[PDB]
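The chain below stands alone and is given as structure tokens, in the form deposited in one PDB entry.
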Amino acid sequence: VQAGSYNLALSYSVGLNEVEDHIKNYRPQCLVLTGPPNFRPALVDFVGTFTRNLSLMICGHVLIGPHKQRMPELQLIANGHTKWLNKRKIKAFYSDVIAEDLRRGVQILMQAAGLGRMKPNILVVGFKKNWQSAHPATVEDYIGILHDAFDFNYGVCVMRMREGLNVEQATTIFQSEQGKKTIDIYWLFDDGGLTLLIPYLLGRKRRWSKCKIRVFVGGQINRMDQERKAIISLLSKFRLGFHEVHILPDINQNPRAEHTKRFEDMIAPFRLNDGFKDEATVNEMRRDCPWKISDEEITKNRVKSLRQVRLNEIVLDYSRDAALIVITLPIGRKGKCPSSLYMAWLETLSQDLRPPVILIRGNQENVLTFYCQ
């Protein structure tokens, strides 16, 4: 039995080497950063909901610290984790690596995990709920994980839940049918279509097939009808079957004074308080702490920070009771956006909700097409 299963698996995996890649056949192959899969069952459940027998799903665990690999204990624990995953009826592969820190292990997994064409192209990581009351080095490493994911051409998906992800198996929200609630999609920027593909595949399961999908797109106050018509036409060309389209004409409006003050206080303990010197003469103080923010950087990114804090209000007043909130994840340029600022943006976009909030971002490459080549 095992021999025959291995033979079939190997034959088909090798045969897949001959098949060429096409946009019509694009599949989201997810590398889920779960650690021990029983610690964060919400991530596993959510990813397996839309990945089940549709695309590759890998649960990545990084064993921090130095060790001479091998040993029978590593295999025993890997077998235990695989058994736990199988008991939950989750079609996923468990993969663990040994590295000095989380960033190195994630890099190893993103570089080597997979088999031929069956290799991940999306990174799914949980939100760092405790990023403020923690050593800034950890925050820098987390943002560096995101940066490495982008550097490898991966699509990034950040999952946030109100109570966090770290906890007979545990039961999560994604094991129960959502019902008539709505999946709210905020397609603010063109990333290729990942922001839409993930919710579309999610709604193709029986647990989310009853949810009404709402798409929110930015626009102009004097061209709302035209923008709505154009976006509806685009969605119909994609044949995604999304119900409602809303246009937000006030994303550039200045946010309330209380919320901007809250955002300012959030990054207060990361202010390097040195933004009156040349960038050349400001990296000396960052040599040991490459996470502080310089007043020049804050002055340049003020508009983007305000846009983040205002998008939070827009989401709060629209998606208060949705079953899922999908927001396009903003991109911060390397070297011009300190890890603290990126973390603050991610915290500000998703807050004060009851969030199954997903921040998605494709690699700027089309994953949808209205063509049959």
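Start at 1 and count along the sequence shown; that's the residue number. Whichever C-alpha set is largest while still superposing within 1.5 Å between the two forms counts as the rigid core.
- Unmodelled stretch separating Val167 from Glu168: 10 or more residues (count of deposited-sequence residues without coordinates).
The form deposited in another entry exists for this protein as well; it is not shown, and the discussion that follows is about that form.
- Superposing the rigid core between the shown form and the other one leaves a single residue from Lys304, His67, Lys334, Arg320 with a C-alpha shift of at least 2 Å: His67.
- Compared with the form shown here, the C-alpha atoms of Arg70 and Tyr142 sit at least 3 Å closer together in the other form.
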